[PDB]
Ligand SMILES: N[C@@H](CCC(=O)N[C@@H](CS)C(=O)NCC(=O)O)C(=O)O
Ligand SMILES: N[C@@H](CCC(=O)N[C@@H](CS)C(=O)NCC(=O)O)C(=O)O
Ligand SMILES: [Ca+2]
(Lines give C-alpha, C1' and ligand atoms only; values in the text may rest on other atoms or scores of the structure.)
(Ligands and ions follow the chains in the order given, each with its own letter.)
Protein backbone atom coordinates (compact mmCIF):
# COMPACT_ATOMS: atom_id res chain seq x y z
CA UNK A 1 0.00 0.00 0.00
CA UNK A 2 2.82 2.38 1.00
CA UNK A 3 6.25 2.65 -0.62
CA UNK A 4 9.18 4.63 0.83
CA UNK A 5 11.88 5.67 -1.71
CA UNK A 6 15.07 6.76 0.00
CA UNK A 7 18.81 6.40 0.48
CA UNK A 8 20.00 3.67 2.84
CA UNK A 9 19.98 5.90 5.94
CA UNK A 10 17.42 6.61 8.66
CA UNK A 11 17.62 10.40 8.27
CA UNK A 12 14.37 12.11 7.33
CA UNK A 13 12.58 8.75 6.99
CA UNK A 14 13.08 7.43 10.53
CA UNK A 15 10.03 9.20 11.96
CA UNK A 16 7.65 8.15 9.20
CA UNK A 17 8.90 4.53 9.43
CA UNK A 18 8.40 4.55 13.20
CA UNK A 19 4.93 5.89 12.62
CA UNK A 20 4.02 3.19 10.08
CA UNK A 21 5.40 0.41 12.28
CA UNK A 22 3.83 1.59 15.52
CA UNK A 23 0.50 1.89 13.68
CA UNK A 24 0.69 -1.66 12.30
CA UNK A 25 0.99 -0.51 8.69
CA UNK A 26 2.85 -2.38 5.95
CA UNK A 27 5.14 -0.69 3.46
CA UNK A 28 7.78 -1.35 0.84
CA UNK A 29 11.28 0.10 1.07
CA UNK A 30 12.72 1.11 -2.30
CA UNK A 31 16.39 1.73 -1.54
CA UNK A 32 18.25 4.21 -3.76
CA UNK A 33 22.05 3.89 -3.94
CA UNK A 34 24.42 6.77 -4.68
CA UNK A 35 25.33 5.38 -8.10
CA UNK A 36 21.63 5.17 -8.97
CA UNK A 37 21.14 8.73 -7.75
CA UNK A 38 24.19 10.19 -9.52
CA UNK A 39 22.83 8.79 -12.76
CA UNK A 40 20.29 11.62 -12.70
CA UNK A 41 16.99 10.22 -13.98
CA UNK A 42 15.39 9.47 -10.58
CA UNK A 43 16.38 12.89 -9.22
CA UNK A 44 15.13 14.66 -12.34
CA UNK A 45 11.76 12.97 -11.84
CA UNK A 46 11.47 14.11 -8.21
CA UNK A 47 9.34 17.23 -7.75
CA UNK A 48 12.01 19.05 -5.70
CA UNK A 49 14.87 16.89 -7.01
CA UNK A 50 15.20 15.15 -3.63
CA UNK A 51 14.10 12.18 -1.51
CA UNK A 52 12.18 10.83 0.31
CA UNK A 53 9.48 10.08 -2.27
CA UNK A 54 6.40 8.31 -0.98
CA UNK A 55 3.59 6.40 -2.62
CA UNK A 56 0.14 5.74 -1.18
CA UNK A 57 -2.01 4.03 -3.80
CA UNK A 58 -1.58 6.21 -6.85
CA UNK A 59 -0.80 9.33 -4.78
CA UNK A 60 2.88 10.25 -4.93
CA UNK A 61 4.26 12.64 -2.35
CA UNK A 62 7.53 14.44 -1.69
CA UNK A 63 8.71 16.27 1.48
CA UNK A 64 9.10 14.26 4.69
CA UNK A 65 6.78 16.52 6.69
CA UNK A 66 4.07 16.33 3.97
CA UNK A 67 4.30 12.53 4.24
CA UNK A 68 4.14 12.64 8.05
CA UNK A 69 1.15 15.04 7.94
CA UNK A 70 -0.60 12.90 5.31
CA UNK A 71 -0.21 9.78 7.48
CA UNK A 72 -1.30 11.76 10.55
CA UNK A 73 -4.41 12.94 8.77
CA UNK A 74 -5.39 9.64 7.18
CA UNK A 75 -4.62 7.51 10.23
CA UNK A 76 -6.10 9.90 12.81
CA UNK A 77 -2.85 10.99 14.50
CA UNK A 78 -3.55 14.73 14.34
CA UNK A 79 -5.37 15.70 17.54
CA UNK A 80 -9.12 15.58 18.28
CA UNK A 81 -9.88 19.02 16.86
CA UNK A 82 -8.50 22.10 15.14
CA UNK A 83 -7.12 23.52 18.37
CA UNK A 84 -5.04 20.41 19.08
CA UNK A 85 -4.13 20.07 15.35
CA UNK A 86 -2.55 23.54 15.55
CA UNK A 87 -0.64 22.45 18.68
CA UNK A 88 0.52 19.29 16.88
CA UNK A 89 1.87 21.38 13.98
CA UNK A 90 3.60 23.70 16.45
CA UNK A 91 5.43 20.71 17.92
CA UNK A 92 6.32 19.36 14.47
CA UNK A 93 7.59 22.69 13.19
CA UNK A 94 9.66 23.05 16.34
CA UNK A 95 11.10 19.57 15.70
CA UNK A 96 11.79 20.46 12.04
CA UNK A 97 13.71 23.62 13.06
CA UNK A 98 16.05 21.65 15.37
CA UNK A 99 16.39 18.80 12.85
CA UNK A 100 17.63 21.41 10.34
CA UNK A 101 20.20 22.74 12.82
CA UNK A 102 21.25 19.15 13.53
CA UNK A 103 21.59 18.44 9.79
CA UNK A 104 23.63 21.58 9.23
CA UNK A 105 25.98 20.44 12.03
CA UNK A 106 26.23 16.87 10.73
CA UNK A 107 26.80 17.75 7.08
CA UNK A 108 28.54 21.17 7.10
CA UNK A 109 30.83 21.50 10.12
CA UNK A 110 30.59 18.66 12.59
CA UNK A 111 34.20 19.04 13.78
CA UNK A 112 34.41 22.79 14.34
CA UNK A 113 30.77 23.34 15.33
CA UNK A 114 29.98 20.43 17.63
CA UNK A 115 31.04 22.06 20.91
CA UNK A 116 28.90 25.14 20.38
CA UNK A 117 25.98 23.00 19.27
CA UNK A 118 26.12 20.80 22.38
CA UNK A 119 26.32 23.81 24.67
CA UNK A 120 23.21 25.32 23.09
CA UNK A 121 21.31 21.99 23.18
CA UNK A 122 19.66 22.22 26.60
CA UNK A 123 17.98 25.46 25.55
CA UNK A 124 16.79 23.83 22.32
CA UNK A 125 15.32 20.78 24.08
CA UNK A 126 13.61 22.61 26.89
CA UNK A 127 10.64 23.87 24.81
CA UNK A 128 9.47 20.23 24.44
CA UNK A 129 9.77 19.57 28.18
CA UNK A 130 7.66 22.69 28.83
CA UNK A 131 5.04 21.54 26.31
CA UNK A 132 4.85 18.16 28.04
CA UNK A 133 4.52 19.84 31.44
CA UNK A 134 1.47 21.72 30.17
CA UNK A 135 -0.52 18.66 29.14
CA UNK A 136 -1.64 16.21 31.87
CA UNK A 137 1.57 16.69 33.84
CA UNK A 138 3.51 15.19 30.91
CA UNK A 139 2.14 11.74 31.79
CA UNK A 140 0.79 10.86 28.36
CA UNK A 141 1.32 12.60 25.01
CA UNK A 142 2.60 16.00 24.06
CA UNK A 143 -0.78 17.15 22.68
CA UNK A 144 -4.11 15.84 23.86
CA UNK A 145 -4.89 12.32 24.93
CA UNK A 146 -3.70 10.37 21.89
CA UNK A 147 -0.46 10.00 20.00
CA UNK A 148 0.08 12.41 17.09
CA UNK A 149 2.32 12.19 14.02
CA UNK A 150 4.61 14.91 15.48
CA UNK A 151 5.56 12.59 18.33
CA UNK A 152 7.31 10.06 16.08
CA UNK A 153 9.29 12.96 14.70
CA UNK A 154 10.10 14.35 18.17
CA UNK A 155 11.07 10.83 19.41
CA UNK A 156 13.55 10.34 16.57
CA UNK A 157 14.99 13.81 17.19
CA UNK A 158 15.46 12.96 20.87
CA UNK A 159 16.94 9.57 20.09
CA UNK A 160 19.54 10.92 17.65
CA UNK A 161 20.50 13.71 20.01
CA UNK A 162 21.20 11.22 22.79
CA UNK A 163 23.69 9.66 20.33
CA UNK A 164 25.17 13.09 19.54
CA UNK A 165 25.36 14.05 23.23
CA UNK A 166 24.74 11.17 25.65
CA UNK A 167 22.77 12.29 28.71
CA UNK A 168 21.14 15.33 27.01
CA UNK A 169 17.73 14.29 28.37
CA UNK A 170 18.97 13.69 31.92
CA UNK A 171 17.98 17.16 33.18
CA UNK A 172 14.52 16.77 31.57
CA UNK A 173 12.40 14.31 33.63
CA UNK A 174 9.29 14.57 31.45
CA UNK A 175 11.13 14.08 28.14
CA UNK A 176 13.08 11.14 29.66
CA UNK A 177 9.95 9.30 30.82
CA UNK A 178 8.22 10.17 27.53
CA UNK A 179 11.04 8.60 25.53
CA UNK A 180 10.97 5.41 27.64
CA UNK A 181 7.17 5.32 27.41
CA UNK A 182 6.94 5.81 23.64
CA UNK A 183 9.87 3.48 23.01
CA UNK A 184 8.00 0.80 24.99
CA UNK A 185 4.88 0.76 22.77
CA UNK A 186 5.04 -2.90 21.50
CA UNK A 187 5.24 -2.47 17.71
CA UNK A 188 7.51 0.59 17.99
CA UNK A 189 9.80 -1.26 20.42
CA UNK A 190 10.16 -4.21 18.04
CA UNK A 191 10.86 -1.83 15.17
CA UNK A 192 13.53 0.08 17.12
CA UNK A 193 15.23 -3.18 18.09
CA UNK A 194 15.13 -4.66 14.53
CA UNK A 195 18.11 -4.73 12.08
CA UNK A 196 16.07 -2.67 9.65
CA UNK A 197 16.53 0.23 12.04
CA UNK A 198 19.59 -0.66 14.05
CA UNK A 199 21.92 -1.43 11.16
CA UNK A 200 21.01 1.62 9.07
CA UNK A 201 23.26 4.63 9.65
CA UNK A 202 21.55 7.72 11.06
CA UNK A 203 23.11 10.02 8.44
CA UNK A 204 24.72 9.65 5.02
CA UNK A 205 28.25 10.83 5.84
CA UNK A 206 28.86 8.46 8.73
CA UNK A 207 28.70 11.14 11.41
CA UNK A 208 26.42 11.11 14.47
CA UNK B 1 -10.32 41.57 16.68
CA UNK B 2 -10.08 37.84 17.36
CA UNK B 3 -6.51 37.70 15.97
CA UNK B 4 -3.25 39.25 17.09
CA UNK B 5 0.10 39.17 15.22
CA UNK B 6 3.22 39.81 17.37
CA UNK B 7 6.33 40.45 15.30
CA UNK B 8 9.20 42.81 14.45
CA UNK B 9 8.43 45.70 12.10
CA UNK B 10 9.26 43.76 8.90
CA UNK B 11 7.25 41.71 6.40
CA UNK B 12 9.42 38.57 6.65
CA UNK B 13 7.72 35.44 7.97
CA UNK B 14 4.44 37.32 8.61
CA UNK B 15 3.81 38.66 5.10
CA UNK B 16 2.00 35.53 3.87
CA UNK B 17 -0.33 35.10 6.85
CA UNK B 18 -1.21 38.82 6.74
CA UNK B 19 -2.03 38.52 3.04
CA UNK B 20 -4.23 35.53 3.85
CA UNK B 21 -6.09 37.41 6.59
CA UNK B 22 -6.57 40.46 4.38
CA UNK B 23 -7.64 38.43 1.34
CA UNK B 24 -10.19 36.63 3.58
CA UNK B 25 -11.43 39.92 4.97
CA UNK B 26 -10.47 39.04 8.54
CA UNK B 27 -9.57 41.58 11.23
CA UNK B 28 -6.42 41.45 13.31
CA UNK B 29 -4.23 43.44 15.64
CA UNK B 30 -0.58 44.15 14.87
CA UNK B 31 1.51 44.10 18.02
CA UNK B 32 4.90 45.55 17.05
CA UNK B 33 8.03 44.47 18.88
CA UNK B 34 11.02 46.83 18.66
CA UNK B 35 14.60 45.61 18.74
CA UNK B 36 15.12 47.34 22.08
CA UNK B 37 12.14 45.52 23.57
CA UNK B 38 13.50 42.24 22.17
CA UNK B 39 16.98 42.85 23.64
CA UNK B 40 15.32 43.48 26.98
CA UNK B 41 14.84 39.70 26.91
CA UNK B 42 11.62 38.85 28.77
CA UNK B 43 9.24 38.58 25.79
CA UNK B 44 11.82 36.30 24.10
CA UNK B 45 12.19 34.04 27.16
CA UNK B 46 8.37 33.69 27.28
CA UNK B 47 8.21 32.64 23.59
CA UNK B 48 7.95 28.86 23.19
CA UNK B 49 10.98 28.64 20.88
CA UNK B 50 12.45 32.01 21.86
CA UNK B 51 11.26 33.56 18.61
CA UNK B 52 8.62 35.52 16.71
CA UNK B 53 6.06 35.48 15.09
CA UNK B 54 3.72 34.81 18.00
CA UNK B 55 0.02 34.64 17.14
CA UNK B 56 -3.10 34.78 19.26
CA UNK B 57 -6.46 33.49 18.06
CA UNK B 58 -8.51 34.28 21.13
CA UNK B 59 -6.77 32.47 23.99
CA UNK B 60 -4.99 30.06 21.62
CA UNK B 61 -1.37 31.21 21.49
CA UNK B 62 0.72 29.87 18.59
CA UNK B 63 4.34 30.16 17.46
CA UNK B 64 5.83 29.05 14.08
CA UNK B 65 4.74 30.89 10.92
CA UNK B 66 3.73 27.66 9.14
CA UNK B 67 1.73 26.45 12.15
CA UNK B 68 -0.14 29.77 11.95
CA UNK B 69 -0.66 29.39 8.17
CA UNK B 70 -1.96 25.80 8.57
CA UNK B 71 -4.22 26.78 11.45
CA UNK B 72 -5.76 29.63 9.45
CA UNK B 73 -5.93 27.32 6.44
CA UNK B 74 -7.87 24.79 8.51
CA UNK B 75 -10.22 27.26 10.24
CA UNK B 76 -10.94 29.32 7.12
CA UNK B 77 -11.32 26.45 4.63
CA UNK B 78 -8.14 27.10 2.60
CA UNK B 79 -6.78 23.55 2.88
CA UNK B 80 -8.13 21.60 -0.09
CA UNK B 81 -11.50 19.88 -0.46
CA UNK B 82 -10.34 16.40 0.58
CA UNK B 83 -7.37 14.49 2.01
CA UNK B 84 -5.53 14.16 -1.26
CA UNK B 85 -5.60 17.93 -1.92
CA UNK B 86 -4.67 18.62 1.68
CA UNK B 87 -1.51 16.57 1.14
CA UNK B 88 -0.69 18.42 -2.09
CA UNK B 89 -1.22 21.77 -0.35
CA UNK B 90 1.28 20.67 2.33
CA UNK B 91 3.75 19.62 -0.36
CA UNK B 92 3.57 23.08 -1.91
CA UNK B 93 4.08 24.78 1.47
CA UNK B 94 7.00 22.60 2.51
CA UNK B 95 8.64 23.38 -0.85
CA UNK B 96 7.99 27.11 -0.22
CA UNK B 97 9.51 26.81 3.27
CA UNK B 98 12.69 25.11 1.95
CA UNK B 99 13.32 27.89 -0.58
CA UNK B 100 12.45 30.55 1.97
CA UNK B 101 15.09 29.11 4.31
CA UNK B 102 17.67 29.40 1.52
CA UNK B 103 16.58 32.98 0.73
CA UNK B 104 16.88 33.73 4.45
CA UNK B 105 20.39 32.29 4.62
CA UNK B 106 21.39 34.38 1.64
CA UNK B 107 19.86 37.61 3.03
CA UNK B 108 21.14 37.44 6.60
CA UNK B 109 24.41 35.53 6.31
CA UNK B 110 25.93 35.71 2.84
CA UNK B 111 24.38 38.41 0.64
CA UNK B 112 27.54 39.88 -0.89
CA UNK B 113 29.40 36.68 -1.69
CA UNK B 114 26.39 34.45 -2.31
CA UNK B 115 23.92 36.37 -4.47
CA UNK B 116 25.52 35.43 -7.78
CA UNK B 117 25.39 31.69 -7.15
CA UNK B 118 21.93 32.06 -5.62
CA UNK B 119 20.43 33.78 -8.63
CA UNK B 120 22.07 31.32 -11.03
CA UNK B 121 20.48 28.44 -9.10
CA UNK B 122 17.14 30.26 -8.71
CA UNK B 123 15.45 29.01 -11.94
CA UNK B 124 15.98 25.41 -10.83
CA UNK B 125 14.35 26.23 -7.47
CA UNK B 126 11.30 27.95 -9.01
CA UNK B 127 10.60 25.33 -11.67
CA UNK B 128 8.85 22.83 -9.35
CA UNK B 129 6.06 25.37 -8.72
CA UNK B 130 5.68 25.95 -12.48
CA UNK B 131 5.44 22.17 -12.88
CA UNK B 132 2.88 21.86 -10.07
CA UNK B 133 0.84 24.66 -11.68
CA UNK B 134 1.09 23.11 -15.16
CA UNK B 135 -0.40 19.88 -13.85
CA UNK B 136 -3.56 21.54 -12.56
CA UNK B 137 -5.99 22.84 -15.24
CA UNK B 138 -3.12 23.95 -17.45
CA UNK B 139 -2.11 26.36 -14.69
CA UNK B 140 -5.06 28.67 -15.26
CA UNK B 141 -6.40 28.72 -11.72
CA UNK B 142 -4.93 27.64 -8.38
CA UNK B 143 -1.90 25.54 -7.61
CA UNK B 144 -4.01 22.82 -5.97
CA UNK B 145 -7.60 22.05 -6.83
CA UNK B 146 -10.21 24.62 -7.68
CA UNK B 147 -10.06 26.89 -4.68
CA UNK B 148 -7.32 28.96 -3.07
CA UNK B 149 -5.28 27.33 -0.27
CA UNK B 150 -3.08 28.76 2.50
CA UNK B 151 0.17 27.62 0.80
CA UNK B 152 -0.52 30.00 -2.09
CA UNK B 153 -0.21 33.18 -0.01
CA UNK B 154 3.13 31.83 1.17
CA UNK B 155 4.10 30.96 -2.43
CA UNK B 156 2.99 34.40 -3.71
CA UNK B 157 5.07 36.23 -1.11
CA UNK B 158 8.05 34.04 -1.97
CA UNK B 159 7.72 34.86 -5.67
CA UNK B 160 7.21 38.57 -4.99
CA UNK B 161 10.32 38.92 -2.85
CA UNK B 162 12.37 36.97 -5.34
CA UNK B 163 11.34 39.39 -8.11
CA UNK B 164 12.83 42.16 -5.90
CA UNK B 165 15.96 40.04 -5.41
CA UNK B 166 16.26 39.14 -9.10
CA UNK B 167 14.09 41.34 -11.36
CA UNK B 168 12.59 39.28 -14.21
CA UNK B 169 13.24 35.88 -12.56
CA UNK B 170 9.68 34.90 -13.50
CA UNK B 171 10.15 35.64 -17.21
CA UNK B 172 11.34 32.04 -17.55
CA UNK B 173 8.04 30.79 -16.10
CA UNK B 174 4.86 31.79 -18.02
CA UNK B 175 2.44 30.03 -15.64
CA UNK B 176 4.00 31.44 -12.44
CA UNK B 177 3.97 34.91 -14.00
CA UNK B 178 0.27 34.85 -14.92
CA UNK B 179 -0.43 33.21 -11.55
CA UNK B 180 1.18 36.05 -9.64
CA UNK B 181 -0.81 38.53 -11.75
CA UNK B 182 -3.99 36.60 -11.05
CA UNK B 183 -3.62 36.31 -7.29
CA UNK B 184 -2.31 39.91 -7.01
CA UNK B 185 -5.49 41.16 -8.69
CA UNK B 186 -7.87 39.68 -6.08
CA UNK B 187 -9.58 42.89 -4.84
CA UNK B 188 -8.91 42.62 -1.12
CA UNK B 189 -5.38 41.28 -1.61
CA UNK B 190 -4.52 43.97 -4.19
CA UNK B 191 -5.68 46.71 -1.78
CA UNK B 192 -3.66 45.20 1.05
CA UNK B 193 -0.53 44.97 -1.13
CA UNK B 194 -0.70 48.63 -2.10
CA UNK B 195 -1.42 49.83 1.48
CA UNK B 196 1.02 51.65 3.84
CA UNK B 197 0.68 48.74 6.28
CA UNK B 198 2.43 46.48 3.75
CA UNK B 199 4.42 48.94 1.62
CA UNK B 200 6.06 50.85 4.50
CA UNK B 201 7.47 47.70 6.11
CA UNK B 202 10.87 46.41 4.91
CA UNK B 203 10.95 42.85 3.52
CA UNK B 204 13.71 41.82 5.95
CA UNK B 205 15.23 43.14 9.19
CA UNK B 206 18.79 43.92 8.07
CA UNK B 207 17.78 46.17 5.20
CA UNK B 208 18.71 43.77 2.42
CA UNK B 209 16.42 42.50 -0.35
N1 LIG C 1 12.54 19.28 2.73
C2 LIG C 1 12.92 17.94 2.24
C3 LIG C 1 14.45 17.78 2.25
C4 LIG C 1 14.95 16.54 1.50
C5 LIG C 1 16.47 16.38 1.47
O6 LIG C 1 17.25 17.19 2.02
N7 LIG C 1 16.89 15.30 0.82
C8 LIG C 1 18.29 14.92 0.66
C9 LIG C 1 18.62 13.68 1.56
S10 LIG C 1 18.40 13.92 3.39
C11 LIG C 1 18.53 14.54 -0.83
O12 LIG C 1 17.62 14.06 -1.52
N13 LIG C 1 19.76 14.77 -1.28
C14 LIG C 1 20.14 14.46 -2.65
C15 LIG C 1 20.20 15.63 -3.57
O16 LIG C 1 19.79 16.72 -3.15
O17 LIG C 1 20.66 15.45 -4.72
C18 LIG C 1 12.28 16.90 3.15
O19 LIG C 1 12.00 17.24 4.33
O20 LIG C 1 12.05 15.75 2.69
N1 LIG D 1 10.66 28.43 12.19
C2 LIG D 1 10.23 29.75 12.70
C3 LIG D 1 11.39 30.74 12.58
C4 LIG D 1 11.19 32.04 13.36
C5 LIG D 1 12.38 32.99 13.26
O6 LIG D 1 13.39 32.70 12.62
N7 LIG D 1 12.23 34.14 13.92
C8 LIG D 1 13.25 35.20 13.95
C9 LIG D 1 12.75 36.47 13.14
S10 LIG D 1 12.16 36.10 11.41
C11 LIG D 1 13.50 35.62 15.41
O12 LIG D 1 12.60 35.60 16.23
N13 LIG D 1 14.72 36.02 15.70
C14 LIG D 1 15.04 36.47 17.05
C15 LIG D 1 15.84 35.53 17.90
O16 LIG D 1 15.97 34.35 17.53
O17 LIG D 1 16.32 35.99 18.95
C18 LIG D 1 8.97 30.25 11.93
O19 LIG D 1 8.74 29.83 10.75
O20 LIG D 1 8.21 31.04 12.54
CA1 LIG E 1 -8.75 18.41 26.18
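Below are the figures for this structure:
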{"item": "Residue within region A:103-117 that is part of a loop (DSSP other than H, G, I, E, B) and more than 21 Å from residue A:24 (Cα to Cα) present", "result": "yes"}
{"item": "Check on residue B:56, more than 16 Å from ligand 3 (Cβ to nearest atom), more than 10 Å from chain A (Cβ to nearest Cβ) and under 28 Å from residue A:79 (Cα atoms)", "result": "yes"}
{"item": "Residue check, residue A:71 in contact with a helix residue (DSSP H, G or I) (Cβ under 7 Å, 6 or more places away or on another chain), away from ligand 3 (no atom under 16 Å from the Cβ) and farther than 24 Å from residue A:146 by Cα", "result": "no"}
{"item": "Pair list, Cβ < 9 Å and 6+ apart or interchain, from region A:1-14 residues that are closer than 17 Å to residue A:43 by Cα and within 14 Å of chain B (Cβ to nearest Cβ) to residues that are in a strand (DSSP E or B) and within 11 Å of ligand 1 (Cβ to nearest atom)", "result": "A:12/A:6"}
{"item": "For residue A:48: the one exception among (1) more than 10 Å from ligand 1 (Cβ to nearest atom); (2) free of Cβ contacts under 8 Å to residues at least 24 places away in the same chain; (3) within 9 Å of another protein chain (Cβ to nearest Cβ)", "result": "(1)"}
{"item": "Selection status of residue A:145, assigned to a loop (DSSP other than H, G, I, E, B) and in the same structural domain as residue A:133 (by CATH)", "result": "yes"}
{"item": "Sole residue being at the interface with another protein chain (Cβ under 10 Å from one of its Cβ atoms) and away from ligand 3 (no atom under 16 Å from the Cβ), chosen from B:83, B:24", "result": "B:83"}
{"item": "Where residue A:42 falls short, out of the listed (1) over 17 Å from residue B:89 (Cα atoms); (2) within 8 Å of another protein chain (Cβ to nearest Cβ); (3) touching a helix residue (DSSP H, G or I) at 6+ places or on another chain (Cβ under 7 Å)", "result": "(2)"}
{"item": "Condition broken by residue A:76, with the remaining ones in (1) buried (at least 20 other Cβ atoms within 10 Å of the Cβ); (2) within 18 Å of residue A:18 (Cβ to Cβ) satisfied", "result": "(1)"}
{"item": "Residue among B:88, B:132 that alone is over 25 Å from residue B:10 (Cα atoms) and touching a strand residue (DSSP E or B) at 6+ places or on another chain (Cβ under 9 Å)", "result": "B:88"}
{"item": "Qualifying position, being more than 16 Å from ligand 2 (Cβ to nearest atom), closer than 23 Å to residue B:87 by Cβ and within 13 Å of chain B (Cβ to nearest Cβ), among A:152, A:62", "result": "A:62"}
{"item": "Residue within region A:121-137 that is without any contact (Cβ under 8 Å) to a residue 60 or more places away in the chain, more than 13 Å from every other protein chain (Cβ to nearest Cβ) and more than 16 Å from ligand 3 (Cβ to nearest atom) present", "result": "yes"}
{"item": "Test: residue B:100 is within 30 Å of residue A:79 (Cα to Cα), within 9 Å of another protein chain (Cβ to nearest Cβ) and either surrounded by 14 or more Cβ atoms within 10 Å (Cβ to Cβ) or within 12 Å of ligand 1 (Cβ to nearest atom) (or both)", "result": "no"}
{"item": "For residue A:116: the one exception among (1) within 13 Å of chain B (Cβ to nearest Cβ); (2) without any contact (Cβ under 8 Å) to a residue 12 or more places away in the chain; (3) within 16 Å of ligand 2 (Cβ to nearest atom)", "result": "(1)"}
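For every residue, the table says whether it meets (1) over 25 Å from residue A:207 (Cα atoms); (2) under 15 Å from the mean Cα position of the chain (by Cα).
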{"residue": "A:75", "(1), (2)": "yes, no"}
{"residue": "A:80", "(1), (2)": "yes, no"}
{"residue": "A:88", "(1), (2)": "yes, yes"}
{"residue": "A:101", "(1), (2)": "no, yes"}
{"residue": "A:107", "(1), (2)": "no, no"}
{"residue": "A:115", "(1), (2)": "no, no"}
{"residue": "A:135", "(1), (2)": "yes, no"}
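In this analysis, Cβ positions are derived from the backbone assuming ideal geometry, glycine residues included, and neighbour counts consider all displayed protein chains. The values are calculated or read from the model by the stated rules, or taken from the named source; these are not laboratory values.
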